[PDB]
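**Q**
Residue numbers (the deposited numbering), protein chains in the order written: chain B, 1 to 52, 52A, 53 to 82, 82A to 82C, 83 to 100, 100A to 100B, 100K to 100R, 101 to 214; chain A, 1 to 27, 27A to 27E, 28 to 213.
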């Protein structure tokens, strides 16, 4: 099956360089122009670079011109993107993609839309250093209500980089649970919350423990959430 | 640059019913060779984009004939006949007439269901956090539909601005609802300065906006 696989993504400081690779399977790589397209978190698609089949002709978006270099190793079924002078604004999932039809020179190189895309690789550009989250309770506070459904949760604040994983009661509780997408704060650190709705009558007879893991900081926290 | 204007930005669909998405370009997409360089991509939850339609109307091999592309010049449409639940996700048009290749802003397709008002909850900052000099106040809107909702923070009746961030879940696979959190961030000193913290929620499932609130320290 026609396939593209990207790698090389990582978390890097502004000004540094990364080299992304895109390994290709089941077609004549050197007969196809190739593309890089990026997608910033929560955003749409943005074209980045294109390279002719023969590697002798390249085009860049205005956003990355003078900073990125696209290249290809026609010996090894593989496409590259060298990303220099990185900016925070470069943070995105980068995908390579293959032009949908063959196109070689016969007075200009011809380019059309792409058909197959890779799963992508993530490049995160930030001045932040590794930091473990603080985990705070989101407690049913205060006491007096009219009964029915209550909500509780954990606020997982000020970590870097993504991701954190959260579960409740070691994965035993998924019903009523919502774990929100992280948000990037102006501080450069991420924050998210996970909540669960439960019967108000259960708050002191049931146990609710949020399990938070952040591998980069080797943080493992099990926070019991109880009414204040 | 050719700018691509995609409408509507979002669309809720009833399975079995048709759906139409339009794409307008700021310049004509007709090439010298008589081909018009307009493509449509679908991006399902957690997946990479996939080609649906190439050069206005041609279906990529394997794509269901429920997808039909049409148009010319600057005006294009992707119409999905007999929408299925697996059609949810984002759709993007793209032009390759000239560099830079440019995409439309996307259309988000979700599943229609009956209106469901949010259940609203408010959480004061924990004592643990306050010890560290910062206060986060959290408002939760649970299990609502449709996605459109407004959340505003009032502190001693003063509308807050610039000090909150929202986050929203994907449409739920079982009940087709959304949930949303809004977090208000204040310094401890600012938090201690005021008494009443309220989050005001406006949603079409509510007759009037709902306000949840607490008094600091109580």
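Ideal Cβ placement from N, Cα and C applies to all residues, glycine included.
Inspect the beta-carbon positions of residue 16/A and residue 77/A and report whether they are closer than 8 Å.
**A** Sequence index remark: in the second chain, residue 16/A carries index 16 (1-based). Sequence index remark: in the second chain, residue 77/A carries index 82 (1-based). Yes, the pair counts as a contact, with Cβ atoms nearer than the cut-off.
**Q** State the Cα-Cα distance for the pair residue 145/B and residue 171/B, rounded to the nearest angstrom.
**A** Position 159 of the first chain holds residue 145/B. Position 185 of the first chain holds residue 171/B. For residue 145/B and residue 171/B, the distance between alpha carbons rounds to 10 Å.
**Q** Between which two residues does the alpha helix (DSSP H) holding residue 52A/B run?
**A** Translated into the one-based positions of the first chain, residue 52A/B becomes position 53. Careful: residue 52A/B lies outside any alpha helix (DSSP H) and carries neither H nor E.
**Q** Could you check how far apart the C-beta atoms of residue 82C/B and residue 12/B are, in whole angstroms? I think they sit under 8 Å.
**A** As a first step, residue 82C/B is located in the first chain; it is residue number 86 there, counting from the start. As a first step, residue 12/B is located in the first chain; it is residue number 12 there, counting from the start. With a Cβ gap of about 6 Å, residue 82C/B and residue 12/B count as contacting.
**Q** Would you mind working out which of 23/A, 79/A, 59/A sits nearest residue 68/A, comparing C-alpha positions?
**A** As a first step, residue 68/A is located in the second chain; it is residue number 73 there, counting from the start. Looking at the Cα atoms, 23/A is the closest of the given residues.
**Q** Whole angstroms are fine: how far does the CA of residue 100B/B sit from the CA of residue 54/A?
**A** Position 59 of the second chain, counted from the start, is the residue given in the question as residue 54/A. Position 106 of the first chain, counted from the start, is the residue given in the question as residue 100B/B. Distance between the alpha carbons of residue 54/A and residue 100B/B: 27 Å.
**Q** Residues in the same chain with beta-carbon distance under 7 Å from residue 111/A, minus the five sequence neighbours each way, listed in chain order, please.
**A** Counting from 1 along the second chain, the entry for residue 111/A is found at position 116. Only 138, 139, 140, 172, 200 meet the Cβ criterion.
**Q** In whole angstroms, give me the CA-to-CA distance for residue 167/A and residue 174/A.
**A** Translated into the one-based positions of the second chain, residue 167/A becomes position 172. Translated into the one-based positions of the second chain, residue 174/A becomes position 179. Residue 167/A and residue 174/A: Cα-Cα distance of roughly 9 Å.
**Q** Candidates 184/B, 50/B, 194/B: which alpha carbon is nearest residue 100R/B's?
**A** Counting from 1 along the first chain, the entry for residue 100R/B is found at position 114. Looking at the Cα atoms, 50/B is the closest of the given residues.
**Q** Let's see if you can read the secondary structure: which residues bound the beta strand (DSSP E) around residue 124/A?
**A** Within the second chain, numbered from 1, the residue matching residue 124/A stands at position 129. Per DSSP, residue 124/A belongs to no beta strand (DSSP E); it is in the alpha helix (DSSP H), 122 to 125.
**Q** Taking 8 Å as the CB-CB limit, is residue 71/B close to chain A?
**A** Start at 1 with the first residue of the first chain, and residue 71/B comes out as number 72. No - not a single Cβ of chain A is within 8 Å of the one on residue 71/B.
**Q** Just mark residue 187/A as buried or exposed, buried being the case when its beta carbon has 16 or more other beta carbons within 10 Å.
**A** Within the second chain, residue 187/A is the residue found at index 192, counting from 1. Counting Cβ neighbours within 10 Å, residue 187/A comes out exposed, since fewer than 16 surround it.
**Q** Taking 8 Å as the CB-CB limit, is residue 62/A close to chain B?
**A** Working through the second chain from its first residue, we reach residue 62/A at position 67. Residue 62/A does not count as touching chain B.
**Q** Please state if the CB of residue 198/B and the CB of residue 119/B are separated by a distance shorter than 8 Å.
**A** Within the first chain, numbered from 1, the residue matching residue 119/B stands at position 133. Within the first chain, numbered from 1, the residue matching residue 198/B stands at position 212. Taking 8 Å as the Cβ cut-off, residue 119/B and residue 198/B qualify as a contacting pair.
**Q** Kindly say whether residue 192/B, judged by its beta-carbon, lies nearer than 8 Å to any beta-carbon of chain A.
**A** What you label residue 192/B is simply residue 206 of the first chain in a count that begins at 1. For residue 192/B, the answer is no, since every Cβ of chain A falls outside 8 Å of its Cβ.
**Q** Provide the residue(s) that pair with residue 6/B in DSSP beta bridges, ordered along the chain.
**A** Taking the first residue of the first chain as 1, we reach residue 6/B at position 6. Note: residue 6/B sits in a beta bridge opposite 22/B.
**Q** Mind pulling the chain A residues with CB within less than 8 Å of residue 9/B?
**A** Start at 1 with the first residue of the first chain, and residue 9/B comes out as number 9. The contacting residues do not exist; residue 9/B stays about 14 Å from chain A at best.
**Q** Whether or not the segment 135 to 142 of chain B and the segment 77 to 96 of chain A are in contact is what I'm after, with contact meaning three or more pairs of Cβ atoms, one per stretch, closer than 8 Å; do they touch?
**A** Flag = no, the segment 77 to 96 of chain A and the segment 135 to 142 of chain B do not touch.
**Q** Just checking residue 155/B against the ligand GDP - is the residue's beta carbon closer than 7 Å to any of the ligand's heavy atoms?
**A** With respect to the ligand GDP, the structure shown offers nothing to examine, as it has no ligands at all.
**Q** Beta carbons nearer than 7 Å to chain B: which residues of the segment 114 to 134 of chain A have them?
**A** Going along the segment 114 to 134 of chain A in chain order, one finds 114, 116, 118, 119, 121, 123, 124, 131, 133 with a Cβ nearer than 7 Å to chain B.
**Q** Taking the alpha carbon of residue 205/B as the reference point, which residue from 185/B, 183/B, 143/B has its own alpha carbon closest?
**A** As a first step, residue 205/B must be located in the first chain, where it is residue number 219. Considering only alpha carbons, the answer is 143/B.
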